[PDB]
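Trainee: as they sit in the full assembly, here are the leading chains:
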Amino acid sequence: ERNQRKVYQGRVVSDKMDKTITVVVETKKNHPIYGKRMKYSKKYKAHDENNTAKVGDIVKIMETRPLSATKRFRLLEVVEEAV
Amino acid sequence: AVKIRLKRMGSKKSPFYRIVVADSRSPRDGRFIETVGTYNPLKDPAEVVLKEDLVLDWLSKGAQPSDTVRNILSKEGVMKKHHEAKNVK
């Protein structure tokens, strides 16, 4: 331990699976030629060993190590729970 | 197998060298790790420039200068300073 990882925040899309949720980060970028601020998104995959969070909820994650075939993030805390 | 040596830079008849500490596998003028001064064989007396700090650490960490660079380091009080400050601790 001397440094951190790529902690990202994002809201959950779907959590049908066991101990596993599906966070979506989102951000905005600039077009190459024009200067219009488009926006695109990513779909990450985390690991919550007790199925805490539920759908439509905002959380923050941290990259861990290859933990499955395409599942490599960790949950930290439900920042703003929703209902 | 890190081992500091020379590197040819001249054009067609007039060579030129710069002392460059490199791995041993890489080709003559291939890559390297970093440069340490240079030396011109042409125009005797041979003129030479060094850092005298990079070397006194790349030998301490362990490296084996080849024959010619050993001469040109002896004539510069380098080997002397190393053997002085190390065989005594």
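Mentor: In hand now; what should we look at? Residues are numbered from 1 along each chain as shown, chains lettered A, B, ... in the order given.
Trainee: now residue A:21, nearest residue through space, not along the chain?
Mentor: Sequence neighbours aside, residue A:15 is the residue nearest to residue A:21 in space, at 4.2 Å (criterion: Cβ to Cβ, 6 or more residues apart in numbering or on different chains). C-beta coordinates here come from the backbone N, C-alpha and C atoms, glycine included.
Trainee: what segments of chain B are helices?
Mentor: Along chain B, counting by DSSP state H, helices occupy B:55-58, B:67-74, B:78-86.
Trainee: closest one to residue A:64 among those helices?
Mentor: helix B:55-58 (37.8 Å; Cβ to Cβ).
Trainee: include this sequence as chain C:
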Amino acid sequence: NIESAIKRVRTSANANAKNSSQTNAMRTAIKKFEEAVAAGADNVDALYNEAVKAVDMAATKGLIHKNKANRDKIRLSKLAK
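Mentor: Adding chain C to what we have so far:
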């Protein structure tokens, strides 16, 4: 073509022969241990220690890496008790 490697072929052949032989011996030691616990009868420790011997000797004298050695010692001690 083949100029001075024809010696390397012989060397590697013989080396592979004896290597295969010794590692076969090690496997047979471990396997003879495993069946004992499932048999549940006595004679449970002598072969255990002989198996540990086999693993260590194969590691050092022969070659695996170092790591499988520790791994196998571990999963064996977990099995003995």
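Trainee: just give me the neighbour total for residue C:2.
Mentor: 7 (other Cβ atoms under 10 Å in any protein chain shown).
Trainee: compute the distance between it and residue C:16, please.
Mentor: 19 Å (Cβ to Cβ, to the nearest Å).
Trainee: and the helices in chain C?
Mentor: Counting by DSSP H, the helices of chain C are C:6-39, C:46-60, C:67-80.
Trainee: so which residue is dead centre in the chain?
Mentor: Went with chain A since none was named. By Cα atoms, centre = their mean, chain A has its centre lying nearest to residue A:23, at 3.5 Å.
Trainee: switch to chain B, please.
Mentor: Centre-most residue of chain B, counting by Cα atoms, centre = their mean: residue B:19, 4.1 Å.
Trainee: throw RNA strand D on there as well:
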RNA sequence: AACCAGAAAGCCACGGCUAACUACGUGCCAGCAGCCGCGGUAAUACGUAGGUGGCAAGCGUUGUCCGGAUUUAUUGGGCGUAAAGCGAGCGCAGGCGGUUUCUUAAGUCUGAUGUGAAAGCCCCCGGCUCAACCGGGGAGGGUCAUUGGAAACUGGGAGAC
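Mentor: Adding RNA strand D to the chains above:
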């Protein structure tokens, strides 16, 4: 050190674009051309001759990429009749948004550190009788990563009209 002006110049073009003109020859034939176009009896356009102009150990032709092209218009174009408003509405998604207080600091500007190999283009200096070339030393390039600030603008939160 010796000897010899002695062994050492071709190529394209000349009607306008484009710099450089007149004879003789042929007569919608031969032929030429990148585009305009020349050629049926006095051709600066076809062929030779003599002049002239451009480059010169090179000169011309073909093929290919960028330019001039504002002819894909971000810098930098348009839609009455020249090519171009869908036949007209209802509307999920999306793009853009009235005015004011407090707040936050994603976008924004700014500071430090790491990092953006060497050789290249450029700047200074230097070495081959100069030049290419070679050598030393400096900058440039991130939309990068970490860390500190500011709070007008856009965005996110609690408000009031």
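Trainee: still on that earlier bit, correct me, but the residue nearest to the centre of chain B touches residue B:69?
Mentor: Yes: between residue B:19 and residue B:69 a contact is recorded at 5.9 Å, counting by Cβ atoms under 8 Å.
Trainee: between those two, which contacts overlap?
Mentor: Residues touching both residue B:19 and residue B:69 (Cβ atoms under 8 Å, 6 or more residues apart in numbering or on different chains) are B:4, B:5, B:6.
Trainee: who are the contact partners of the nearest residue to the second one once chain neighbours are set aside?
Mentor: Looking back up the chat, that one is residue B:5. Excluding its sequence neighbours, the residue lying closest to residue B:5 (Cβ to Cβ, 6+ apart) is residue B:66, at 4.8 Å. For residue B:66, the contact set (Cβ under 8 Å, 6+ apart) comprises B:3, B:4, B:5, B:6.
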